[PDB]
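# Take this sequence and fold it.
(2 chains)
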Amino acid sequence: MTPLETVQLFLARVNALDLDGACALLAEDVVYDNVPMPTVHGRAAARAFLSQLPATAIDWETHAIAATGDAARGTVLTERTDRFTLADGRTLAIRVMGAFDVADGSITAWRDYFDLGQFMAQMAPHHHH
Amino acid sequence: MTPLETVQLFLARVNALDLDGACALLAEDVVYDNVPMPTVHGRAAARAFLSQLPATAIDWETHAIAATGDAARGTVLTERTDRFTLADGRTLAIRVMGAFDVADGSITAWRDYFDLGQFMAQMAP
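Numbering: from 1, shown residues only, chains lettered A, B, ... in the order given. The relevant structure is shown in the block below.
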């Protein structure tokens, strides 16, 4: 599997709510860097972090994807809109770009760039006019 | 000029503080979308917006760059750290990913993805 294919598979597995299968593609000591959040280290911690969002449907849409490097190793760049339906019925739609470093079908680092305030506001529950 | 070359040239001009030359590569009606900020429309408005930062030195470092499409048209994706020195000696280093749509050597859309909180924290006086 090429770097591009590895990330395409990762995103497909996330979109099938297969979080265990997706995280299987992360390296054991993966750096998972949501740029405005604390950094996460390792597959298990990445899996646990992702489960903090109680999602019942996930639709991470890829608008553009391209890779550096070769068949074995490279960095895959993505432009996305990450949609979630939560167990309580809340819908999220977060615009994000992400870079994925892949070596031999394993994601060694994953860096997602988005705005935290937008995320936090979408997570919030006259009170106002 | 290919999409990749257009964006490389744009970034080189930004890094030389040549904001007029950089903006010349933006379409007259460019969509300039700093994702967590108001959208800017057109070359003149993009030039004015970039001038809002009183920068005396600029170092936008491209860590990774890759393009979709063909020799004429496509989207260039970038992973960067955008560094600035301002007139009062304050510096900034904003981690950002950007997507640039190019057609025939003109950037028709530029979408930059970063955290507004981090930007505002660095602009703190």
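
# Now do the same contact list for the closest residue in space to residue A:71 that isn't next to it in sequence.
The shortest distance from residue A:71 to any residue other than its chain neighbours is 5.1 Å, reached at residue A:2 (CB to CB, 6 or more residues apart in numbering or on different chains). Heads up, the C-betas are built off the backbone N, CA and C, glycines and all. Applying CB atoms under 8 Å, 6 or more residues apart in numbering or on different chains, one finds that residue A:2 lies in contact with A:67, A:71-72, A:74, A:102.

# May I see the ChimeraX selection of the buried members of these?
Only the buried entries of the contacts of residue A:2 go into this ChimeraX selection, using 16 or more other CB atoms under 10 Å in any protein chain shown:
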select /A:67,74,102
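
# ok, back up a step: next, work out how far apart the residue nearest to residue A:71 and chain B are.
Separation of residue A:2 from chain B (CB to the nearest CB, to the nearest Å): 13 Å.

# Roughly how far does the closest residue to residue A:54 other than its chain neighbours sit from chain B?
Using CB to CB, 6+ apart and skipping the chain neighbours, the partner closest in space to residue A:54 is residue A:87 (4.2 Å). For residue A:87, the distance to chain B (CB to the nearest CB) stands at 27 Å.

# isn't residue A:87 right next to residue A:55, touching?
Yes - with contacts counted by CB atoms under 8 Å, residue A:87 reaches residue A:55, the gap being 7.3 Å.

# the more surrounded of those two?
More crowded of residue A:87 and residue A:55, by other CB atoms under 10 Å in any protein chain shown: residue A:55, with 18 against 9.

# Leaving out sequence neighbours, find the closest residue to the spatially most central residue of chain A.
Nearest to the geometric centre of chain A sits residue A:112, at 7.0 Å (CA atoms, centre = their mean). Distances taken as CB to CB, 6+ apart put residue A:98 closest to residue A:112, at 4.2 Å, once the chain neighbours are dropped.

# So in terms of bridging, what pairs with the one you found?
Following DSSP bridges, residue A:98 is listed with bridge partners residue A:78, residue A:112.

# again with the one 5 residues further on
Counting by DSSP bridges, residue A:103 is bridged to residue A:73, residue A:106.

# Going by secondary structure, residue A:48 is in what exactly?
In the assignment (DSSP states H and E), residue A:48 maps to helix A:43-51.

# Give the other helices and strands that that helix contacts.
Applying 3 or more CB pairs under 8 Å, 6 or more residues apart in numbering or on different chains; DSSP states H and E, one finds that helix A:43-51 makes contact with helix A:19-24, strand A:26-34.

# Check which element follows that helix along the chain.
Following helix A:43-51 in sequence order, the next helix or strand is strand A:55-67 (DSSP H and E).

# Please see if that next one touches chain B.
Yes - using CB under 8 Å from any CB of the partner chain, strand A:55-67 reaches chain B at A:63-67.

# Of the residues you listed, which is the nearest to residue A:21?
residue A:65 (19.5 Å; CB to CB).

# hang on, that closest one packs against residue A:78?
Yes - in this structure, residue A:65 is within contact of residue A:78 by CB under 8 Å, at 5.1 Å.

# Report the beta-bridge partner residues of the nearest residue to residue A:55 once chain neighbours are set aside.
Residue nearest to residue A:55 in three dimensions, not counting chain neighbours: residue A:84, with 4.8 Å by CB to CB, 6+ apart. Note on residue A:84: beta-bridge partners residue A:58, residue A:92, judged by DSSP bridges.
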